[PDB]
Number of protein chains: 2
Amino acid sequence: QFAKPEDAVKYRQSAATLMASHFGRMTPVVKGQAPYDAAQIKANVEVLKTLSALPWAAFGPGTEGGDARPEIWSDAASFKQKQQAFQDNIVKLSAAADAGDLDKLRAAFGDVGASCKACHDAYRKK
Amino acid sequence: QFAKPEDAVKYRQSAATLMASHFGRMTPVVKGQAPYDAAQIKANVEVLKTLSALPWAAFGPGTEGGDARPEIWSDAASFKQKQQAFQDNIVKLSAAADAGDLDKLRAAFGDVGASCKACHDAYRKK
Ligand code: HEC
Ligand code: HEC
């Protein structure tokens with residue numbers, strides 16, 4: 001869907017911006033500093049689920065650039081494993097949210113965050 | 001969810017970027033220049049539906065900036081009418097996509113595009 005590689009870069013950076021907001025805005029909830037409203041979090045995690053599927057299609061062939069490492073493309077199966085595992089962790093977060101289980105939400109949230117960081121450590125330029 | 005107004009601006013601009021991609025990537029389909037796969041479009045319009053609900057919450061109080069006109073806030077009911085009407089047009093696009101009705105999709109697509117433009121004309125700085 002991208003006329004030029006720059007358009008893919010802009011897309012995936014914007015998807016990442018939205019994911020960071022929808023994930024990070026729950027930090028105060030998981031820490032107990034903001035109240036836990038199960039319906040609110042369920043809805044927010046549904047948005048995050050949709051968003052968290054979006055970046056990967058924007059690392060398509062020829063879309064090199066931004067702060068994306070070339071090993072994303074040269075090690076395609078490994079990068080895929082990381083994004084699929086991240087979305088697996090998102091599924092677990094969804095299950096926790098859908099159940100209205102705060103303890104499960106905290107745990108799942110931590111696992112998601114670790115998966116974001118693990119990918120950035122390997123595949124995002126400093 | 002925004003620590004500073006700049007964070008709201010960044011969010012809504014990123015949501016707009018993603019909406020522009022998910023809407024605009026259908027242009028070749030509506031024009032017949034790319035093939036129509038009903039399932040593909042149904043899925044894409046579901047993503048667009050999710051995205052198209054997102055910008056409005058990021059024009060919250062104190063989030064003035066970017067290319068957002070101040071009349072967004074001083075005429076709150078009027079701006080609301082425009083975003084609600086836009087999402088109404090998105091619902092019509094969803095119905096067309098879900099039905100697998102290409103003629104209905106073309107028509108709905110045009111109405112959505114007109115709604116984007118009508119808001120920008122009134123509420124987005126040149
Ligand atoms: C690999 C499988 C990733 C996972 C999982 C997550 N992110 Fe990511 N992120 C990744 C890359 C390769 C890049 C660079 C993209 C580019 O072309 O520049 C990013 C970037 C970000 C950014 C910065 C966006 C920008 O402003 O330019 C943010 C804020 C970000 N990523 C956040 C984020 C979060 C919150 C994640 C988990 C919920 C997450 N990312 C996962 C690769 C990967
Ligand atoms: C008002 C109800 C709007 C509707 C409907 C749509 N858009 Fe919009 N858009 C609006 C404003 C007020 C702004 C400026 C935001 C800011 O603070 O700068 C925008 C911006 C955009 C942009 C530019 C984003 C950027 O790169 O900075 C794009 C690409 C955009 N809008 C696209 C877009 C599309 C495709 C829409 C319909 C599907 C649409 N917008 C509707 C206000 C409104």
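Quick note: numbers below take in every heavy atom, side chains included, and nothing from hydrogens, waters or symmetry partners. Below, chain A is the first sequence line, B the second, and so on; all start at residue 1.
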Original post:
Is it true that atom CZ of A:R106 has more than 12 heavy atoms of other residues, nucleotides or ligands lying nearer than 6.0 Å?
Top reply: no
Original post:
If you round to the nearest 0.5 Å, how far is OG of A:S14 from NZ of B:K10?
Top reply: 9.5 Å
Original post:
Around A:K49, counting heavy atoms of other residues, nucleotides and ligands shown, do more than 12 lie under 6.0 Å from its NZ?
Top reply: no
Original post:
Which distance, rounded to the nearest 0.5 Å, do you find between the CG of A:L18 and the OG1 of B:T50?
Top reply: 11.5 Å
**OP:** State yes or no: do A:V9 and A:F2 share one hydrophobic cluster built from I, L, V, M, F, W and Y residues joined by side-chain heavy-atom distances below 4.5 Å, directly or via other members?
**Re:** no
**OP:** Tell me, yes or no, whether the heavy-atom count around B:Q84 atom CD, taken from other residues, nucleotides or ligands under 6.0 Å, exceeds 12.
**Re:** yes
Subject >> Atom pair OG1/OH of A:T17 and B:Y11 - distance to nearest 0.5 Å >> reply: 10.5 Å
